[PDB]
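Undergrad: Just passing along the structure, written as structure tokens.
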Amino acid sequence: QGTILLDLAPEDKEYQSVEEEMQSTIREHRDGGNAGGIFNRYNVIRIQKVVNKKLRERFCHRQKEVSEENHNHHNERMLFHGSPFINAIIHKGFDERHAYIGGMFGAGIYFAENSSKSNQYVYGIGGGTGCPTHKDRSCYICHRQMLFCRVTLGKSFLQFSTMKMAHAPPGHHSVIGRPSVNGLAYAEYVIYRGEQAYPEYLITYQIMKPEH
Ligand SMILES: CC1(C)OC(=O)N(c2ccc(-c3cnc(N)c(-c4ncccn4)c3)cc2)[C@H]1c1ccccc1
Ligand SMILES: [Zn+2]
């Protein structure tokens with residue numbers, strides 16, 4: 001009972017595959033690097049597979065209900081997630097009860113294909129006040145954490161804005177906020193049921209300073 005974190009050896013193919021997806025999904029943001037920091041590569045310090053029997057079962061049960069409703073298509077995808085609550089998530093699983101309508105966000109759990117997008121949220125909306133110790137959004141000292149999870153999207157509802165939503169629209173199971181020239185630059189993937197995502201990998205890392 002409870003979660004078991006298993007370290008992967010950097011020689012393991014799985015490890016290598018998770019780190020390349022993360023390093024290669026780094027993009028520039030019209031941020032000036034304000035939110036997530038200035039860098040063009042990560043120092044992956046650790047990758048652990050999150051093993052939890054109960055969470056895997058809740059996940060598989062919900063995936064069945066979604067397939068039934070989506071013509072036997074659960075439409076699963078591997079996506080990143082960044083937030084100050086990773087440690088609670090890896091233990092109790094994703095919980096929609098901690099999501100609220102506010103700002104540009106609705107009351108759901110947001111995910112991203114670009115790890116640099118998830119990095120912007122590791123310390124809070126807009127990066128918050130940065131790391132706890134140095135209150136620096138571009139801190140190269142403190143260790144950050146993000147999750148590469150399995151996400152059951154089922155039938156997604158394509159929109160431009162994700163604020164104002166409490167649940168997926170009728171007949172749907174997830175919402176996708178898409179690129180608008182006066183809105184998002186990258187797609188946002190939202191679920192309103194924590195059981196629709198399984199935190200497969202726990203990534204410990206740091207952003208590295210641009211080399212001179
Ligand atoms: C914008 C937002 C909706 O995007 C997310 O993905 N958020 C989010 C909110 C809440 C959780 C969450 C999901 N499962 C949990 N188990 C816990 C959690 N458990 C115990 C104590 C504190 N948090 C929190 C995960 C993500 C929200 C978020 C809010 C603030 C900062 C970063 C992200
Ligand atoms: Zn720091």
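Chain identifiers are assigned as A, B, and so on, following the order in which chains appear in the structure tokens; residues are numbered from 1 within each chain, and ligands are numbered from 1 in order of appearance.
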When you look at residue 199 (chain A) with a cut-off of 8 Å (counting only C-alpha atoms), what residues show up, excluding the ones that are within fewer than 3 positions of it in the same chain? I need them as JSON, numbers by chain.

TA: {"A": [50, 89, 90, 93, 147, 148, 149, 150, 202]}

Undergrad: Using only C-alpha atoms, which protein or nucleic acid residues come within 10 Å of residue 54 (chain A)? Drop anything in the same chain fewer than 2 positions from it, and give the result as a list in words.

TA: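 So the residues in contact are residues 1, 2, 3, 51, 52, 56, 57, 58, 59, 60, 92 and 93 of chain A.
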
Undergrad: Excluding residue 138 (chain A) and its own-chain neighbours fewer than 3 positions away, which residues fall within 7 Å of it when counting only C-alpha atoms? Please give them as a ChimeraX atom specification.

TA: /A:36-38

Undergrad: Can you spit out the residues from that selection as a compact mmCIF listing (two decimals), in the first residue's frame, using N, CA and C atoms?

TA:
```txt
# COMPACT_ATOMS: atom_id res chain seq x y z
N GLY A 36 9.31 30.90 -16.23
CA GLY A 36 10.12 29.71 -16.02
C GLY A 36 11.63 29.81 -15.91
N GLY A 37 12.22 30.93 -16.32
CA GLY A 37 13.67 31.07 -16.24
C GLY A 37 14.36 31.08 -17.59
N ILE A 38 15.61 31.53 -17.61
CA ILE A 38 16.35 31.59 -18.86
C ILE A 38 17.25 30.37 -18.96
```

Undergrad: Write down as a count of residues only the residues of region 76-181 of chain A whose backbone DSSP state falls under alpha helix (DSSP H).

TA: 12

Undergrad: What are the closest atom pairs, with distances in Å to one decimal, for all residues of region 50-166 of chain A lying within 7 Å of region 175-182 of chain A? Consider only C-alpha atoms, order rows by chain and residue number, and present the result as a Markdown table.

TA:
```
| residue | atom | partner | partner_atom | distance |
| --- | --- | --- | --- | --- |
| A:156 | CA | A:175 | CA | 5.2 |
| A:157 | CA | A:175 | CA | 4.6 |
| A:158 | CA | A:176 | CA | 4.8 |
| A:159 | CA | A:177 | CA | 5.0 |
| A:160 | CA | A:177 | CA | 4.8 |
| A:161 | CA | A:177 | CA | 5.6 |
| A:162 | CA | A:177 | CA | 5.8 |
```

Undergrad: Could you list, as a list in words, all residues that come within 12 Å of ligand 2? Count only C-alpha atoms and all ligand atoms.

TA: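 Written in the requested form, the residues are residues 37, 123, 129, 130, 131, 132, 133, 134, 135, 136, 137, 138, 139, 140, 141, 142, 143, 144, 206 and 207 of chain A.
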
Undergrad: Take the residues just selected and output them with N, CA, C and O atoms as a CSV table (one decimal), in the first residue's frame.

TA:
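This is the output file selection.csv:
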```csv
chain,number,residue,atom,x,y,z
A,37,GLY,N,12.2,30.9,-16.3
A,37,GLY,CA,13.7,31.1,-16.2
A,37,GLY,C,14.4,31.1,-17.6
A,37,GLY,O,13.8,30.7,-18.6
A,123,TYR,N,6.6,26.6,-9.8
A,123,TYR,CA,6.6,27.5,-8.6
A,123,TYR,C,5.3,28.3,-8.5
A,123,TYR,O,5.3,29.3,-7.7
A,129,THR,N,6.7,33.5,-7.1
A,129,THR,CA,7.8,34.3,-6.6
A,129,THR,C,9.1,33.5,-6.7
A,129,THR,O,10.1,33.8,-6.0
A,130,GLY,N,9.1,32.5,-7.5
A,130,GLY,CA,10.2,31.6,-7.7
A,130,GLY,C,10.4,30.6,-6.6
A,130,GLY,O,9.5,30.2,-5.9
A,131,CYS,N,11.6,30.1,-6.5
A,131,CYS,CA,12.0,29.0,-5.5
A,131,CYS,C,11.7,29.6,-4.1
A,131,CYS,O,11.7,30.8,-3.9
A,132,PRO,N,11.5,28.6,-3.2
A,132,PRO,CA,11.3,29.0,-1.8
A,132,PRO,C,12.5,29.7,-1.2
A,132,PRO,O,12.4,30.7,-0.5
A,133,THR,N,13.7,29.1,-1.4
A,133,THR,CA,14.9,29.6,-0.8
A,133,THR,C,15.4,30.9,-1.3
A,133,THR,O,15.8,31.8,-0.5
A,134,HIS,N,15.4,31.1,-2.6
A,134,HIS,CA,16.0,32.4,-3.1
A,134,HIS,C,14.9,33.2,-3.8
A,134,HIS,O,15.2,34.3,-4.3
A,135,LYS,N,13.6,32.8,-3.8
A,135,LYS,CA,12.6,33.5,-4.4
A,135,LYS,C,13.1,34.0,-5.8
A,135,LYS,O,13.0,35.2,-6.1
A,136,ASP,N,13.6,33.1,-6.6
A,136,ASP,CA,14.1,33.4,-7.9
A,136,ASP,C,13.5,32.5,-8.9
A,136,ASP,O,13.6,31.3,-8.8
A,137,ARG,N,12.8,33.1,-9.9
A,137,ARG,CA,12.1,32.2,-10.9
A,137,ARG,C,13.1,31.6,-11.9
A,137,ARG,O,12.8,30.6,-12.5
A,138,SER,N,14.3,32.1,-11.9
A,138,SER,CA,15.3,31.6,-12.8
A,138,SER,C,16.4,30.9,-12.0
A,138,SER,O,17.5,30.7,-12.5
A,139,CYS,N,16.1,30.4,-10.8
A,139,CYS,CA,17.1,29.8,-10.0
A,139,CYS,C,17.7,28.5,-10.6
A,139,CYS,O,17.0,27.6,-11.1
A,140,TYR,N,19.0,28.5,-10.6
A,140,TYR,CA,19.8,27.3,-11.2
A,140,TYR,C,20.3,26.4,-10.1
A,140,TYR,O,20.9,25.4,-10.4
A,141,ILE,N,20.0,26.8,-8.9
A,141,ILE,CA,20.4,26.0,-7.7
A,141,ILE,C,19.4,25.0,-7.2
A,141,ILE,O,19.7,23.8,-7.1
A,142,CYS,N,18.2,25.4,-7.0
A,142,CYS,CA,17.1,24.6,-6.5
A,142,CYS,C,16.6,23.5,-7.5
A,142,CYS,O,16.5,23.8,-8.7
A,143,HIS,N,16.3,22.3,-6.9
A,143,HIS,CA,15.8,21.2,-7.7
A,143,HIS,C,14.3,21.4,-8.0
A,143,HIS,O,13.5,21.6,-7.1
A,144,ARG,N,13.9,21.2,-9.2
A,144,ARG,CA,12.5,21.3,-9.7
A,144,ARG,C,12.0,19.9,-9.9
A,144,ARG,O,12.8,19.0,-10.2
A,206,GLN,N,17.0,20.6,-12.9
A,206,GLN,CA,17.3,22.0,-12.7
A,206,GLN,C,17.4,22.6,-14.1
A,206,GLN,O,17.6,21.8,-15.1
A,207,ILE,N,17.2,23.9,-14.2
A,207,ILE,CA,17.4,24.5,-15.5
A,207,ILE,C,18.8,24.9,-15.4
A,207,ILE,O,19.3,25.3,-14.4
```

Undergrad: Residues of region 102-149 of chain A that approach region 12-30 of chain A to 7 Å or less, counting only C-alpha atoms: could you list each one with the shortest pair of atoms and its distance in Å to one decimal, rows by chain and increasing residue number, as a tab-separated table?

TA:
```
residue	atom	partner	partner_atom	distance
A:114	CA	A:25	CA	4.7
A:115	CA	A:22	CA	5.5
A:116	CA	A:26	CA	4.9
```

Undergrad: Please produce an output containing N, CA and C atoms for each residue in the selection, written as an mmCIF file, in the first residue's frame.

TA:
```
data_model
loop_
_atom_site.group_PDB
_atom_site.id
_atom_site.type_symbol
_atom_site.label_atom_id
_atom_site.label_comp_id
_atom_site.auth_asym_id
_atom_site.auth_seq_id
_atom_site.Cartn_x
_atom_site.Cartn_y
_atom_site.Cartn_z
ATOM 1 N N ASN A 114 4.863 20.466 -24.185
ATOM 2 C CA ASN A 114 6.155 21.124 -24.004
ATOM 3 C C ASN A 114 6.551 21.197 -22.532
ATOM 4 N N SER A 115 7.657 20.549 -22.187
ATOM 5 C CA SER A 115 8.136 20.559 -20.811
ATOM 6 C C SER A 115 8.453 21.986 -20.358
ATOM 7 N N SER A 116 8.867 22.848 -21.287
ATOM 8 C CA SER A 116 9.185 24.218 -20.909
ATOM 9 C C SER A 116 7.905 24.947 -20.509
#
```

Undergrad: List all protein, DNA and RNA residues that have an atom no more than 6 Å from any atom of ligand 1, counting only C-alpha atoms and all ligand atoms, and report them as a list in words.

TA: residues 83, 85, 88, 89, 92, 93, 94, 95, 96, 98, 99, 105, 107, 108, 109, 110, 121, 124 and 125 of chain A

Undergrad: Hey, can you spit out that residue selection with N, CA and C atoms as an mmCIF file, in the first residue's frame?

TA:
```cif
data_model
loop_
_atom_site.group_PDB
_atom_site.id
_atom_site.type_symbol
_atom_site.label_atom_id
_atom_site.label_comp_id
_atom_site.auth_asym_id
_atom_site.auth_seq_id
_atom_site.Cartn_x
_atom_site.Cartn_y
_atom_site.Cartn_z
ATOM 1 N N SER A 83 3.597 21.785 -11.223
ATOM 2 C CA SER A 83 2.879 22.488 -10.177
ATOM 3 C C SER A 83 3.584 22.250 -8.865
ATOM 4 N N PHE A 85 2.450 21.058 -6.346
ATOM 5 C CA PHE A 85 1.846 19.932 -5.638
ATOM 6 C C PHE A 85 2.221 18.549 -6.108
ATOM 7 N N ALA A 88 2.344 15.678 -3.389
ATOM 8 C CA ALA A 88 1.045 15.190 -2.932
ATOM 9 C C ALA A 88 0.420 14.356 -4.057
ATOM 10 N N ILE A 89 0.596 14.794 -5.301
ATOM 11 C CA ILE A 89 0.043 14.085 -6.455
ATOM 12 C C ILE A 89 0.596 12.664 -6.591
ATOM 13 N N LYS A 92 -1.152 10.675 -3.511
ATOM 14 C CA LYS A 92 -2.596 10.487 -3.510
ATOM 15 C C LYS A 92 -3.228 10.502 -4.879
ATOM 16 N N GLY A 93 -2.430 10.770 -5.908
ATOM 17 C CA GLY A 93 -2.975 10.837 -7.252
ATOM 18 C C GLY A 93 -3.534 12.223 -7.515
ATOM 19 N N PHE A 94 -3.911 12.493 -8.759
ATOM 20 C CA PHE A 94 -4.485 13.780 -9.145
ATOM 21 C C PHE A 94 -5.879 13.951 -8.531
ATOM 22 N N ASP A 95 -6.136 15.135 -7.978
ATOM 23 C CA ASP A 95 -7.412 15.434 -7.317
ATOM 24 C C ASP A 95 -8.045 16.748 -7.794
ATOM 25 N N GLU A 96 -9.114 16.651 -8.582
ATOM 26 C CA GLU A 96 -9.790 17.843 -9.105
ATOM 27 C C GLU A 96 -10.277 18.797 -8.026
ATOM 28 N N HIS A 98 -8.762 20.134 -5.855
ATOM 29 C CA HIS A 98 -7.802 21.216 -5.618
ATOM 30 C C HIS A 98 -7.676 22.191 -6.794
ATOM 31 N N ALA A 99 -8.560 22.086 -7.779
ATOM 32 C CA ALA A 99 -8.533 22.969 -8.946
ATOM 33 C C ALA A 99 -9.683 23.983 -8.864
ATOM 34 N N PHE A 105 -7.577 30.204 -16.091
ATOM 35 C CA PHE A 105 -7.867 28.802 -15.838
ATOM 36 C C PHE A 105 -9.234 28.434 -15.280
ATOM 37 N N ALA A 107 -11.700 25.126 -13.559
ATOM 38 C CA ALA A 107 -11.500 24.246 -12.415
ATOM 39 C C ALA A 107 -11.074 22.851 -12.873
ATOM 40 N N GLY A 108 -9.914 22.771 -13.519
ATOM 41 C CA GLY A 108 -9.419 21.490 -13.988
ATOM 42 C C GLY A 108 -7.908 21.389 -13.882
ATOM 43 N N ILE A 109 -7.378 20.218 -14.215
ATOM 44 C CA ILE A 109 -5.948 19.957 -14.179
ATOM 45 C C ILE A 109 -5.387 20.126 -15.597
ATOM 46 N N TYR A 110 -4.465 21.078 -15.735
ATOM 47 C CA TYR A 110 -3.822 21.413 -17.005
ATOM 48 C C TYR A 110 -2.550 20.632 -17.249
ATOM 49 N N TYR A 121 5.081 26.572 -14.487
ATOM 50 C CA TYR A 121 4.166 26.452 -13.358
ATOM 51 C C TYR A 121 4.684 25.748 -12.106
ATOM 52 N N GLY A 124 4.322 28.014 -9.284
ATOM 53 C CA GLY A 124 3.086 28.772 -9.221
ATOM 54 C C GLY A 124 2.679 29.428 -10.524
ATOM 55 N N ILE A 125 1.437 29.917 -10.565
ATOM 56 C CA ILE A 125 0.899 30.591 -11.742
ATOM 57 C C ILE A 125 1.861 31.705 -12.144
#
```

Undergrad: Go through A:145, A:43, A:87, A:48 and flag the residue nearest residue 200 (chain A), using only C-alpha atoms for the distances.

TA: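 Closest to residue 200 (chain A), using only C-alpha atoms: A:48.
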
Undergrad: With distances taken over only C-alpha atoms, which of A:209, A:172, A:117, A:41 is nearest to residue 70 (chain A)?

TA: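 Ranking A:209, A:172, A:117, A:41 by distance to residue 70 (chain A), first place goes to A:172.
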
Undergrad: Which of chain A end up as strand (DSSP E or B) when DSSP is run on this backbone - answer as JSON, numbers by chain?

TA: {"A": [4, 5, 6, 7, 42, 43, 44, 45, 46, 47, 48, 49, 50, 51, 76, 77, 78, 79, 80, 81, 102, 105, 109, 110, 111, 112, 144, 145, 146, 147, 148, 149, 150, 151, 152, 156, 157, 158, 159, 174, 175, 176, 177, 188, 189, 190, 191, 197, 198, 199, 200, 201, 202, 203, 204, 205, 206, 207]}

Undergrad: Given the choices A:74, A:82, A:113, A:10, which gets closest to residue 61 (chain A) if the distance is worked out from only C-alpha atoms?

TA: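 Closest candidate: A:74.
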
Undergrad: I need the residue nearest residue 31 (chain A) from this list: A:75, A:120, A:174, A:67. Use only C-alpha atoms for the distance.

TA: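 Checking each of A:75, A:120, A:174, A:67 against residue 31 (chain A), counting only C-alpha atoms, the winner is A:120.
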
Undergrad: When you count only C-alpha atoms, which of these residues is closest to residue 45 (chain A): A:196, A:7, A:171, A:126?

TA: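 So, comparing all the options, the nearest one is A:7.
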
Undergrad: Go through A:49, A:186, A:205, A:77 one by one, measure the shortest atom-to-atom distance of each to residue 5 (chain A) using only C-alpha atoms, and give the residue with the smallest value.

TA: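 Of A:49, A:186, A:205, A:77, the one nearest residue 5 (chain A) is A:49, counting only C-alpha atoms.
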
Undergrad: May I ask for the distance between CA of residue 42 (chain A) and CA of residue 81 (chain A), given in Å to one decimal place?

TA: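 Between these atoms lies a distance of 15.7 Å.
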
Undergrad: If I take CA of residue 184 (chain A) and CA of residue 198 (chain A), how far is one from the other in Å, to one decimal?

TA: 25.5 Å

Undergrad: In Å, how far is it from CA of residue 189 (chain A) to CA of residue 170 (chain A)?

TA: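 The value is 17.1 Å.
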